[PDB]
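First the structure, in the form of structure tokens, and then the observations on it.
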Amino acid sequence: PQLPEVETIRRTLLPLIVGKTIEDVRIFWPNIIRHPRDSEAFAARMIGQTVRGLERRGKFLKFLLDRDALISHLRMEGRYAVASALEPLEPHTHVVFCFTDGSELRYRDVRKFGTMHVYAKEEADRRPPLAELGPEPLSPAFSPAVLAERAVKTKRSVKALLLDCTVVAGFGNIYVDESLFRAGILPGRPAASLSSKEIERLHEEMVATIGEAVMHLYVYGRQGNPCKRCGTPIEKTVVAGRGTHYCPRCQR
DNA sequence: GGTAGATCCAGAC
DNA sequence: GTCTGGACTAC
Ligand SMILES: [Zn+2]
């Protein structure tokens, strides 16, 4: 899931778990547990705590308990569901939080790329994976000025810059490619090569593109198909090590 | 200290 | 078999 989908999860999941008390934590792929490194300590500390809130930072979910926070990233394919402890688990279920009311919060992930970190609440924001996270793309803290400052410093492509979590929180490939198309900028352009006008426009399209989604594609996944604005075949190449889509006529 | 390269996984070719 | 992707290690 990308940022908009994660925000939907935050909103919809919260009322399904708030006020429930954890009675057990079961782990079927320990590699997902990143802190404490020992999955047994992860499970033990959570027991007895009640879910009090659920926040989002970038693509991270932050579950707020009594003393601790659970920081969760779904990567490409992770998903949460709430269901009865009486029913069989769905395939690829790797972590389960069991509540005292006989319901469960289940984490599934076919690829097993997702991560979980638990810390005392007061520490979570100053430890990985939240430490160094850049500003929310929809916040005044992410400004053209901030983007400009980062762009001028680096030798990397503009795509690489936007994918950088320290620059802006949780802005993924689909939105990078779409935002760059909408801003008329080739993804392979050196970030430092962007003019003030291009930075301003890119910021505007980033906020618009992801803002629209949080509340229909031009290039992403459209290789070999006509651009919706000029009819030129959309191309796909590798940029910043990732599959990257663009129109060679609309973007410069 | 900034950056490329490496990494994890299993489904799609 | 090869390719793919979000967010330490070593040049
Ligand atoms: Zn075009």
Side-chain angles (χ1 to χ4, degrees), chain A residues 1-7 9-10 27-37 39 56-62 69-80 89-95 107-119 124-137 142 146-180 187-194 206 210 213 217 219-224 235-246:
Chain A
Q2 293 290 347
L3 185 155
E5 291 96 313
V6 175
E7 176 61 28
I9 297 167
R10 184 211 70 74
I27 299 154
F28 312 112
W29 194 251
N31 281 4
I32 292 172
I33 306 308
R34 305 305 186 88
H35 183 278
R37 298 181 177 182
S39 61
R56 178 191 59 76
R57 293 196 61 191
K59 287 183 278 183
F60 297 98
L61 289 168
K62 180 193 283 189
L70 160 67
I71 307 89
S72 174
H73 201 286
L74 281 45
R75 290 296 197 281
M76 304 90 31
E77 289 159 282
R79 302 176 65 176
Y80 279 108
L89 301 173
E90 280 104 357
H92 312 299
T93 302
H94 307 306
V95 181
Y107 180 73
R108 293 172 71 192
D109 191 344
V110 61
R111 213 65 54 180
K112 295 177 178 178
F113 272 29
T115 64
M116 292 179 185
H117 292 72
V118 172
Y119 299 97
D125 288 334
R126 45 189 184 86
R127 303 285 187 182
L130 296 182
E132 304 297 337
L133 189 58
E136 289 294 321
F142 181 63
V146 172
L147 187 60
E149 191 179 33
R150 299 298 304 264
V152 303
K153 297 175 184 174
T154 193
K155 296 181 178 180
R156 309 144 81 197
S157 68
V158 58
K159 171 144 190 178
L161 182 73
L162 300 192
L163 286 175
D164 191 334
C165 61
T166 70
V167 173
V168 58
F171 207 90
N173 271 290
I174 182 167
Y175 300 114
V176 169
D177 289 7
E178 289 296 303
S179 292
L180 286 165
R189 292 267 309 278
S193 79
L194 272 62
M206 290 176 67
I210 212 149
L217 292 170
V219 296
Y220 185 83
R222 300 197 63 251
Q223 63 271 22
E235 293 179 2
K236 181 177 177 182
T237 59
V238 177
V239 178
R242 295 294 172 255
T244 299
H245 314 80
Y246 58 95

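Residue numbers begin at 1 in each chain, while the letters A, B, ... track the order of the sequences.
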Starting at [atom1] of [X] and ending at [atom2] of [N], how long is that distance when rounded to a whole Å?
| X | N | atom1 | atom2 | answer |
| --- | --- | --- | --- | --- |
| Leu163(A) | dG2(B) | CG | P | 19 Å |
| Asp164(A) | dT3(B) | CG | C1' | 10 Å |
| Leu74(A) | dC8(B) | CG | P | 21 Å |
| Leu130(A) | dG6(C) | CG | P | 18 Å |
| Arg156(A) | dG5(B) | CZ | P | 13 Å |
| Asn173(A) | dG6(C) | CG | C1' | 9 Å |
| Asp177(A) | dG5(C) | CG | P | 10 Å |
| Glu132(A) | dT3(B) | CD | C1' | 16 Å |

Please confirm whether the shortest side-chain N or O distance from [X] to OP1 or OP2 of [N] is below 4.0 Å.
| X | N | result |
| --- | --- | --- |
| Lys112(A) | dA10(B) | yes |
| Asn31(A) | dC9(B) | yes |
| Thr154(A) | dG2(B) | no |
| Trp29(A) | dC8(B) | no |

Worksheet item: Considering only heavy atoms from C-beta outward, does the side chain of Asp177(A) approach that of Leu217(A) to under 4.5 Å?
Response: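 No, side chains not in contact.
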Discussion item. So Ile71(A) and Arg57(A), do their side chains get closer than 4.5 Å, heavy atoms only?
Written reply: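 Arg57(A) does not reach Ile71(A) side chain to side chain.
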Worksheet item: Do we see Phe113(A) stacking on the base of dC8(B), given a limit of 5.5 Å between centres and 30° between planes?
Response: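 The ring of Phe113(A) is stacked on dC8(B).
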Item to complete: Would you indicate what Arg242(A) reaches in the nucleic acid, counting non-hydrogen atoms under 4.0 angstrom: base, sugar-phosphate, or nothing?
Response: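 Since a base atom lies under 4.0 Å of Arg242(A), the category is base.
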Item to complete: Would you classify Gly241(A) as touching base, sugar-phosphate or nothing, given that sugar-phosphate means primed atoms plus P, OP1 and OP2, and contacts are heavy atoms under 4.0 Å?
Response: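 Result for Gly241(A) = sugar-phosphate.
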Discussion item. For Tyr175(A) versus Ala213(A), what's the shortest heavy-atom pair and its separation?
Written reply: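 Scanning both residues completely, I find the closest heavy atoms to be OH-CB, 3.4 Å.
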Discussion item. Rounding to an integer number of angstrom, what distance separates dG2(B) and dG6(C) when you compare their P atoms?
Written reply: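 24 Å, rounded to whole Å.
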Worksheet item: Quantified in whole Å, what is the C1' atom distance between nucleotide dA10(B) and nucleotide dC8(C)?
Response: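 Between the two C1' atoms, the distance is 22 Å.
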Discussion item. Aromatic contact between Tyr220(A) and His245(A), with the criterion being ring centroids under 6.0 Å apart: yes or no?
Written reply: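 They qualify: ring centres under 6.0 Å apart.
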Item to complete: Measure from the side-chain N and O atoms of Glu136(A) to the backbone N and O of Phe142(A), and report whether any donor-acceptor pair falls under 3.5 Å.
Response: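 Absent.
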Fill in: 5' precedence on DNA chain B between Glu77(A) and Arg34(A) (nearest-nucleotide basis)
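Closest to the 5' end, via its nearest nucleotide, is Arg34(A).
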Worksheet item: Looking only at N and O atoms, is any donor in the side chain of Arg111(A) or the base of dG6(C) less than 3.5 Å from an acceptor on the other one?
Response: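 Result: no qualifying N/O pair found.
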